[PDB]
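Student: got the complex split up, this is the first portion:
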Amino acid sequence: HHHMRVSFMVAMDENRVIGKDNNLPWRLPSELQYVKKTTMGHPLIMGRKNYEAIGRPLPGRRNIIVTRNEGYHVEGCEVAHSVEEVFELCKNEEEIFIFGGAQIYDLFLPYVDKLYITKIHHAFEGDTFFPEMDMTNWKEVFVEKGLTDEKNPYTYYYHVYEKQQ
């Protein structure tokens, strides 16, 4: 029924960890730079918790915050309360990026068409996870090694998967 491409944007470790104590467990500026380039000009869909850890709208993109709170407001951001409201808000969009965290990934999981996933080759201590996915009907359409250096201290790969349908 929806016509925008629903894409996931996530970074995770070898045990699917995405978060620790409501924060990112790793510092990877180069990964962030890849994320900004890929998502620029497209809506970001993020969970209330995810957003408040940032505290500020990300420029050049519609920032849409998903919460059950019907009186929740933040300047420079739009607020949705469900999958369907997000779909209404993004009716005419080309592609939207589901941007985390876990609760919001779970929420949008039945509708994902494309998966932009960074895989970090390290086992972090974590408390928040990227949900399991059945990859049957999914094709890897892009893979490349991320930049490892003194500013980016882990090995990691950018992966993109597309659903076949």
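Tutor: Done, it's in. Numbering: from 1, shown residues only, chains lettered A, B, ... in the order given.
Student: pull the contacting residues for the residue nearest to the spatial centre of chain A.
Tutor: Residue closest to the mean C-alpha point of chain A, counted by Cα atoms, centre = their mean, is residue A:99 at 2.5 Å. The contact partners of residue A:99, taken as Cβ atoms under 8 Å, 6 or more residues apart in numbering, are A:9, A:39, A:44, A:45, A:46, A:50. Where you see a C-beta, it was placed from the backbone N, CA and C, and this is true even at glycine.
Student: now, the most widely separated pair of those?
Tutor: The two members of the contacts of residue A:99 with the most space between them (Cβ to Cβ) are A:39 and A:50, at 13.9 Å.
Student: okay, those two: which has more neighbours?
Tutor: Between residue A:39 and residue A:50, counting by other Cβ atoms under 10 Å, residue A:50 is the more crowded of the two (23 against 20).
Student: show me what counts as buried in stretch A:140-158.
Tutor: In terms of neighbour count (16 or more other Cβ atoms under 10 Å), stretch A:140-158 has its buried residues at A:146, A:152, A:156, A:158.
Student: including distance to residue A:22 and secondary structure, could those residues go into TSV?
Tutor: Below are the buried residues of stretch A:140-158 laid out as TSV (distance: Cβ to Cβ, whole Å; DSSP: H, G, I helix; E, B strand; the rest coil):
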residue	distance to residue A:22	secondary structure
A:146	24	coil
A:152	23	strand
A:156	22	strand
A:158	25	strand
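Student: list just the nearest of these to residue A:128.
Tutor: Comparing every one of the buried residues of stretch A:140-158 with residue A:128 (Cβ to Cβ), the shortest separation belongs to residue A:156, at 18.0 Å.
Student: what is the burial count for residue A:102?
Tutor: As a burial measure, residue A:102 scores 19 neighbours (other Cβ under 10 Å).
Student: residue A:139 too?
Tutor: Neighbours of residue A:139 under the rule other Cβ under 10 Å: 10.
Student: do residue A:29 as well
Tutor: Other residues near residue A:29 come to 11 when the count uses other Cβ under 10 Å.
Student: how near is it to residue A:1?
Tutor: 39 Å (Cβ to Cβ, to the nearest Å).
Student: again with residue A:50
Tutor: 26 Å.
Student: now swap in residue A:139 and tell me
Tutor: Here residue A:139 is placed at a distance of 24 Å from residue A:1 (Cβ to Cβ).
Student: slot chain B in:
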Amino acid sequence: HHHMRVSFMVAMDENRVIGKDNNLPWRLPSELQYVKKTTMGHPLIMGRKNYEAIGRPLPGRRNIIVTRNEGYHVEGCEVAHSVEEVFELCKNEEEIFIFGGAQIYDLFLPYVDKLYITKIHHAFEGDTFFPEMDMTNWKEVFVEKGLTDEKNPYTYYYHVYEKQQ
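Tutor: Time to bring in chain B:
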């Protein structure tokens, strides 16, 4: 329609600069060494401007110059005036290397199967750029750090991408 592998050979910086004042903006002998090793025994396809900055044929390879000039001639070099003429000239070749500059990269962009790209981690002053590429259905199949030393004063990586089709 064509049977030869069409490969790009290019070095660019972090903003896609490949040229300044009809020349290379950097001196990297080690990068040249990798280029000669990789392209040896295979045709080089070069734009007229690119070639004249060199002024002489590169040994051990067919040098093919692309120009609109129907009376253009250079000793020890072959001359093509279109994509199709290059294809005709290279119909039996296993792999040809599109060797620059930008106008010629643009020209052969719809037909590229393999991308040999050096990425230089520096922002040069430039006037000539490597075209944007949609890398969907491309996979990185090789990546290695280039030699940084007193003779090669920048950080750079060799990348190879292959089209999946």
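Student: check the buried residues of stretch A:140-158 one more time with chain B there.
Tutor: Under the neighbour-count criterion of 16 or more other Cβ atoms under 10 Å in any protein chain shown, stretch A:140-158 has A:141, A:142, A:143, A:144, A:146, A:147, A:152, A:156, A:158 buried.
Student: got these as a markdown table, with distance to residue A:60 columns?
Tutor: Output for the buried residues of stretch A:140-158, formatted as a markdown table (distance: Cβ to Cβ, whole Å):
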| residue | distance to residue A:60 |
| --- | --- |
| A:141 | 25 |
| A:142 | 22 |
| A:143 | 26 |
| A:144 | 24 |
| A:146 | 22 |
| A:147 | 22 |
| A:152 | 23 |
| A:156 | 24 |
| A:158 | 20 |
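Student: of those residues, list those near chain B.
Tutor: A:141, A:142, A:143, A:144 (Cβ under 8 Å from any Cβ of the partner chain).
Student: which of the three states applies to the residue of chain A found nearest chain B?
Tutor: In chain A, the residue that lies nearest chain B is residue A:144 (3.9 Å; Cβ to the nearest Cβ). Secondary structure, DSSP: H, G, I helix; E, B strand; the rest coil: residue A:144 is strand.
Student: I figured it hits residue B:143, correct?
Tutor: Yes. Using Cβ atoms under 8 Å, residue A:144 makes contact with residue B:143 at a distance of 7.4 Å.
Student: beta partners for residue A:64?
Tutor: Under DSSP bridges, the beta-bridge partners of residue A:64 are residue A:45, residue A:78.
Student: circling back: shared neighbours, residue A:144 and residue B:143?
Tutor: Residues touching both residue A:144 and residue B:143 by Cβ atoms under 8 Å, 6 or more residues apart in numbering or on different chains: residue B:159.
Student: compute the number of surrounding residues for residue A:38.
Tutor: Using other Cβ atoms under 10 Å in any protein chain shown, the number of residues around residue A:38 comes to 14.
Student: what residues are up against it?
Tutor: Taking Cβ under 8 Å, 6+ apart as the test, what residue A:38 contacts is A:9, A:97, A:116.
Student: and the last one, that one's in a strand?
Tutor: In other words, residue A:116. Yes. Assessed by three-state DSSP, residue A:116 belongs to a strand.
Student: neighbours around it, how many?
Tutor: For residue A:116, the neighbour count with other Cβ under 10 Å is 20.
Student: which residue sits closest to it, ignoring its sequence neighbours?
Tutor: residue A:9 (4.9 Å; Cβ to Cβ, 6 or more residues apart in numbering or on different chains).
Student: can you report how many residues lie near that neighbour?
Tutor: Counted with other Cβ under 10 Å, the neighbours of residue A:9 add up to 23.
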